[PDB]
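Okay, here we've got a single chain as C-alpha cells, the form solved without the ligand, with questions on binding and movement later.
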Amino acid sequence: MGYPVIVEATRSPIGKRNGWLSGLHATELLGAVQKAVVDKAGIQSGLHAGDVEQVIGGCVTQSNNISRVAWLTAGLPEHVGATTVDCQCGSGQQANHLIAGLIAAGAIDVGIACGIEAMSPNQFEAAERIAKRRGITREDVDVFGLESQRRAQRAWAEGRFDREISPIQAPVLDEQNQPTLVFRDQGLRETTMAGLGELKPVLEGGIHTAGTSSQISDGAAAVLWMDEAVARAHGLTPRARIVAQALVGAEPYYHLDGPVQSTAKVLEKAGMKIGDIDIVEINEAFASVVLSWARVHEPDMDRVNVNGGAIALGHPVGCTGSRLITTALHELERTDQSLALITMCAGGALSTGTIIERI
C-alpha cells in the first residue's frame, strides 16, 4: 500500500554531560525535538501535530542489573560476571525502520521516529578486541580521531549543520539554578596529533583514549515520515527513501563489529557494492569499530563520516539512529549526491544497516 519517505528530520545540538543541555529533564529535551520536527513540516504546509498517527521512540540507555542482584541475593560468589541484555547501544535504527514499515503496510500515513539521551561485559574491552583482531594500532585510531575533530570543526565553520539543528532553550543550571538558547554542539575539541599522542589509554594495554572514543552526551533527534502522495497533498517535499534495510545478530565476543555484517547484508539486499555509496555514516563510539569496518569493506574513507562523527560531536546514544539519518540526509542534500549507507550497533548484540536515496 504506502510509499514511505522522509519529509523532515531534525536534531538538537549535542551537549556534554553536565553541559549546556543538562538543565533539561529528558522528557523536556525529547519533547522539544518532537515539536520542532512537526513545526518544521508546518512552516509551508498543512501539517499539524494532531496529524501524526504514531510516534515510536527508541529504548533508553540504563552493577544493579537484575541478573547480578539475583546472583548476589541467592548468596552466590561475587567474582562471577553477570549482565542483563538491555539497551546498551540504544535501538539504533529500529524506530525509523518500524515507522517506515508501518507506512509501507498502509497502517498509517504519517509517523515520527525519535530518540533521546539525557539524565532520565564492557564496551572498551570489546573495542580493543576488535582492534587486535585486525592489527589496528594506537597510531591508526589517533589519525582517525584527529580527522573526525578536523571535519567537525570544518563542518561547523562552514555552517553545514545549520539546516539539521533545532536550537533548544535550556536553563542556566550549573552552580546556581536561580537564573531562568543552545545552537551549537558542545563537544567540539581543540586538539592535535601531539595532544592525542599524550593521552593515557582508558584500559591498561589498550589503544583507545578519551580522544579516540566518544563520551556519552545529551541529545535528541526525530524523523518525520509520510506516505509520498499524502506528503504531496499537504504540500510537503519528499526528501529520501529507504532503498534497503537489514537487522542482524552480531558476534557475541565482537559485539561492536556488527556494522561489518549489517553493511554486507544491506548492500546485498540492494544489489549494490561499497563504491556505489556516496556518503557513509557509521557510528564512532570507538575509532576501532570504524577502522575495523573499513578494513573489511575498503570504502573510499573520504566518504566516511564526512562532517565528523561522535568522537568529535558527542554520543547521544539513545537517538543515534535518527541522528545519523538526519546528518546523512543533510549531507546528501548539501553536496547533491544520491546514496548513503547508515550503520550502527543496536539493542544488545544486534546491528542495523540502512541505505537511503535522496529524492
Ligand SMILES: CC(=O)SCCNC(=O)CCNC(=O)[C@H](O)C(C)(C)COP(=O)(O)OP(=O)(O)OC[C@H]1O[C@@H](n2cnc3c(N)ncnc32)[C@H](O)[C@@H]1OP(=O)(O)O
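Counting begins at 1, following the sequence as shown. Between two forms, the rigid core is defined as the largest C-alpha subset superposing within 1.5 Å.
Unshown form solved in complex with the ligand; subsequent notes refer to it.
Comment: the ligand is not present in this chain, but in the deposited complex one of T191, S120, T137, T84 has a heavy atom within 4.5 Å of it, namely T191. This chain appears without its partner; in the deposited complex, the one residue of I112, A152, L256, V266 with a heavy atom within 4.5 Å of the ligand is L256. The stretch among 269-277, 102-110, 171-179, 122-130 whose residues place heavy atoms within 4.5 Å of the ligand in the deposited complex is 122-130. Although the partner is absent from this view, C345 contacts the ligand in the deposited complex, with a non-hydrogen atom inside 4.5 angstroms. Interface residue remark: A233 is not counted as part of the site for the ligand in the deposited complex, having no heavy atom within 4.5 Å.
Residue contact check for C89: one or more of its heavy atoms lie within 4.5 Å of the ligand in the deposited complex.
The ligand is not drawn, but in the deposited complex it has a heavy atom within 4.5 Å of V317.
Core-superposed comparison between the shown form and the other one: among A233, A104, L188, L76, the single residue whose C-alpha moves by 2 Å or more is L76. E175: CA moves 2 Å or more between the shown form and the other one after rigid-core fitting. Residue displacement note: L199 has its CA displaced by under 2 Å between the shown form and the other one (rigid core superposed). Superposition on the rigid core between the shown form and the other one places the CA atom of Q88 2 Å or more away from its counterpart.
Look at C87 and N96: in the deposited complex their Cα atoms come 3 Å or more closer than in this form.
In summary, the C-alpha positions of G115 and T83 converge in the deposited complex, ending up at least 3 angstroms nearer each other than in this conformation.
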